[PDB]
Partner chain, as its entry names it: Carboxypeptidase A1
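Have a look below at one chain only, the form deposited without its partner chain, in structure tokens format.
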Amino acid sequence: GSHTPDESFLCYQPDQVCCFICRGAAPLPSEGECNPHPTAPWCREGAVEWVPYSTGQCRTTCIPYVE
């Protein structure tokens, strides 16, 4: 009934991490795994788009972390 909140799932890879904010579903894990995450500065700073995903729409950004 009101504004639906968006979440974020960080898909993690031993050398790559992509954070996505979804307003209905999550990202499709095919290169590692993903789970609910807060949002570092790289998540919000590199995730500035949107795309139609399985059960909803998710946007995402990826960064070089412990790679």
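Positions refer to the first chain, counted from 1.
Form solved in complex with its partner chain: not shown, discussed below.
*Asks:* Heavy atom to heavy atom, is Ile21 within 4.5 Å of its partner chain in the deposited complex?
*Replies:* Contact with its partner chain, no.
*Asks:* Consider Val17 of the chain shown here, and say whether it contacts its partner chain in the deposited complex, taking contact as heavy atoms within 4.5 Å.
*Replies:* Output for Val17 is yes: heavy atoms within 4.5 Å of its partner chain.
*Asks:* Check whether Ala47 has any heavy atom within 4.5 Å of a heavy atom of its partner chain in the deposited complex, and answer yes or no.
*Replies:* No, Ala47 sits far enough from its partner chain in the deposited complex that none of its heavy atoms falls within 4.5 Å.
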